[PDB]
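Some notes on the structure that comes next.
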Amino acid sequence: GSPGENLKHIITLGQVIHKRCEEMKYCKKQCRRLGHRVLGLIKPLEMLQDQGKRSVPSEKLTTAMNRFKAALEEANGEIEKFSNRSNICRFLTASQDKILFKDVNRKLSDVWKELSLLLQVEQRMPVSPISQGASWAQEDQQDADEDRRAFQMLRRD
Ligand SMILES: CC(C)c1ccc([C@H](O)c2nc3ccccc3[nH]2)cc1
């Protein structure tokens with residue numbers, strides 16, 4: 001059917017995670033840029049239902065979007081668990097210098113570029129080159145680093 005809640009939860013997923021960042025205390029550093037940057041992907045997603053221009057999507061879209069729904073959940077879920085200092089410490093100590101929302105940016109873009117194609121094919125929603133350009137990904141590695149040094153003060157040896 002076509003209740004609408006599906007899209008409502010799919011779109012809001014980007015806002016909830018963005019605002020949720022404020023809740024963070026340690027990962028807030030990366031979450032700030034993550035939620036802010038990623039928000040750009042949902043920006044054009046909400047504009048659709050907001051403006052009310054693009055007609056109802058078809059199965060071809062439902063399939064693609066359906067993948068982004070669960071995919072994006074990874075981010076909202078990660079930040080949730082990461083909220084706990086134990087989750088950040090155990091992870092930070094587990095390895096040496098690593099990202100927390102790396103795969104997220106990958107899956108989010110991979111799932112977006114897939115559903116964005118069948119979307120732009122008729123009408124280009126976004127503006128910037130969402131396809132080409134993997135700079136935002138490298139930037140993440142730099143953000144996660146800030147959490148490391150910032151974590152030092154969090155707890156003294
Ligand atoms: C952002 C725009 C493009 C959008 C809006 C809703 C959905 C939702 O997943 C959806 N509901 C549907 C009902 C009937 C047939 C297809 C549907 N897709 C997917 C994408």
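Read the figures in this text as sums done on the coordinates, not as results from a lab. Methodologically, a virtual Cβ is constructed for each residue, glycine included, from the backbone with ideal geometry; neighbour enumeration extends over all protein chains shown.
How many of the residues making up region 11-38 are surrounded by fewer than 19 Cβ atoms within 10 Å (Cβ to Cβ) and within 15 Å of the ligand (Cβ to nearest atom)?
2
Could you count how many residues in region 1-10 are surrounded by 12 or more Cβ atoms within 10 Å (Cβ to Cβ), without any contact (Cβ under 8 Å) to a residue 60 or more places away in the chain and more than 7 Å from the ligand (Cβ to nearest atom)?
Of the residues in that region, 1 qualify.
Could you tell me which numbered condition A70 fails, if it satisfies all but one of (1) within 16 Å of the ligand (Cβ to nearest atom); (2) within 24 Å of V127 (Cα to Cα)?
(2)
Please name all residue pairs, on different chains or six or more residues apart, with Cβ atoms under 8 Å, provided the first residue is in region 114-140 and is over 21 Å from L61 (Cβ atoms) and the second residue is part of a loop (DSSP other than H, G, I, E, B).
Final answer for the pair search is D140/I99; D140/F101.
List, please: which pairs have Cβ atoms under 7 Å, are six or more places apart or on different chains, and start with a residue in region 34-46 that is in contact (Cβ under 8 Å) with a residue 24 or more places away in the chain and end with one that is of a type outside the set (V, I, T) and not in a helix (DSSP H, G or I)?
So the pair list comes out as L34/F101; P44/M125; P44/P126.
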